[PDB]
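Only one chain is shown below, in structure tokens, and it's the form deposited in one PDB entry.
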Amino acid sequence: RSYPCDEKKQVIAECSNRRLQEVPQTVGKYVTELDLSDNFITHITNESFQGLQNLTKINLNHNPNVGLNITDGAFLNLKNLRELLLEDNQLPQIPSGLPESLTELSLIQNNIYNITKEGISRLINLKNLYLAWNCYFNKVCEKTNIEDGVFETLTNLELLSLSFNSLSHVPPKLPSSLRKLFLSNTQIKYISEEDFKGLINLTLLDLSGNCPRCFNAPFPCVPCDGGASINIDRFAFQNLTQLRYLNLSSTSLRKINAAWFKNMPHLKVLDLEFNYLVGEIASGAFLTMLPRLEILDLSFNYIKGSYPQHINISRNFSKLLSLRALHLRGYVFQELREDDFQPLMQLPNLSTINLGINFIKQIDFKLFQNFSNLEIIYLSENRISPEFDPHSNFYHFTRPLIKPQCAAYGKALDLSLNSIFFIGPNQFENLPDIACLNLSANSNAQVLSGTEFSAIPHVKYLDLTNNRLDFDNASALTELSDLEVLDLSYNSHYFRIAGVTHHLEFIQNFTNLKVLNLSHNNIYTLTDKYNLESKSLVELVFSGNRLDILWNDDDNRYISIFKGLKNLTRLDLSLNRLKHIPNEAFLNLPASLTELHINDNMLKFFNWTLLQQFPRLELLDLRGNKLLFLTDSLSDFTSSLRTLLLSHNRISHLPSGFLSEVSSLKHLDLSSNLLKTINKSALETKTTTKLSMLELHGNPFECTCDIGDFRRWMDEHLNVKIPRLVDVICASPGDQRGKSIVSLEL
């Protein structure tokens, strides 16, 4: 049982976020990677790691966790160290006498303003060198000094990142080994033809945020004199024949010199966000130079204060023969016509068009059918009617446009966050065969009645979340006979009113429906039909409703509410304010359940016996309740249960014979409870057990001699992992107070 770290093969010592004061001295021989991020370590000496020659990767990010002291040659011993992460350590300098074995070194987010030869030029094996985010924004720092020729000695260097430092010119004498070069936000105003002249291997170049476009910047932003464009010499890119990625976002570009791409036949991704390129999108000589380009990002090039009637796309867009994705967020215009996108219509591979955040008031949807294979039509965040992760893209989020669960079904159309407050009879005509539709957050209050989706009747995943839907007709959505996933979360507006009717009967009319989400609808009363019924349904999410009201002891109408979900395997009843479940109501839950969540309720009572009616239940989640008794006879009540989740309850005593003969149970979580001790027969199985994971952190353990039968049990069963031992802590007595229980003389 490793302590304090958590070990595994995958051979990694996970030692992060554990209030460590110093490199622990207790780590296994077979360990090759040590992760000590997020601790309180302030010193590193050549002792620190002395009995650890086999380490190939150390991670010391974020130490002390709110300046790390490192002795010259501290790691110099570690003769197999390939990767050293020293991010966010308040380091005032590159550490002296780093080992030559390093292929990877990260000094992101430090106070290093001097990039010296003593520092680095030594380390001739480097492939990846990260020096970003040392001087930036309103931080108190100095201009970055790069010793001349410091990088030329690193002749296998492939990735150099110096972003978010004050450099003012590209540094000279860079090794021709380079594949990727990040120079974003370095306050460079001029690129000469010398700067990159030798880098014949470069696949990526990032010059974003030099001469930034500052208007409405969400960060401290300093533009070049007068808002000036960055100045890029005609021949600056002439020997960059392998470039596939070019980031020129926020460089205040008004004009794109086509000749920049004369010698760049492989360009795949061009990022041109936050520029002033309305004019060049209408004209655009440079589009003829990019016949292999697959992704083009021209987001946020809107003219301050303008709201043009229409968008203006050059005919030269038809020359982007390989184009797969076109991002045109934040251009800002009122109407999209069939004609305005003619140049895009013959591109064979264009599968994504993104027009989010343009305040578009109207669109001629028939246009979209005139395309070869659009798969994703993203119109989120428009007007349509009836603090910076260093390792992430700085100019936008990188999560996919459409949830992949929805996109997997086919053609997707995302109309979320609009003003489509009522769906009328022709709203969806002239559309392609949409498989995935997002109407989330449209302030939609209509009564759906079985015809609104008849022009796209093959929708398979329908997102209707965050509306105000009025469920006053039993034929709602029944035109969608292939429906597989229906999300109705956050439609509480009408559900919360007792006096209006509420019809959930249409659920039974689907033959392929597998997942239904009814969460946060405040459901506590229904009209006429009190049961949910489906033959197909496999997961129901019912969190954030009022079962406590539906199952009131004095009302029997909802006693069978879920029973007719004949195929259900997964049911989520969290956040339903449940004090107790009536025995009849619990026994009327579908017997096909394999997963049941009743967490974050106020349960003061669970009848363990009724599990006997649930021969397939593998997971029971009772976290975040107020339970205070565990049955002593669980072996009698289930033989399928694998995982019991009982953290954040008020369990004070673990009964003797609890494990009894529960052979199937593997994961038992009893963290954050009121356990003062565990006794021998609470632990005894005479059977063959599968238990491998047992969570006990956050209990107020009594660290008298009564704790020894459990300490002994830990040694007796090293096959059972107890995570976060350093959080398995002595409450009493006061000297023991704050001790981990394993750290005690018994």
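Throughout, we count residues from 1 along the sequence that is shown. Between two forms, the rigid core is defined as the largest C-alpha subset superposing within 1.5 Å.
Quick note: we don't show the form deposited in another entry, though the next part is all about it.
Considering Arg315, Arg496, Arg234, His266, one residue stands apart with a C-alpha shift of at least 2 Å between this form and the one not shown following superposition on the core, and it is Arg496.
After superposition on the rigid core, displacement of the C-alpha of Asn216 between this form and the one not shown amounts to 2 Å or more.
Note: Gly624-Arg496 Cα separation is 3 Å or more longer in the other form than here. Whereas the displayed form keeps them at a certain spacing, the CA atoms of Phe495 and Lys563 lie at least 3 angstroms farther apart in the other form.
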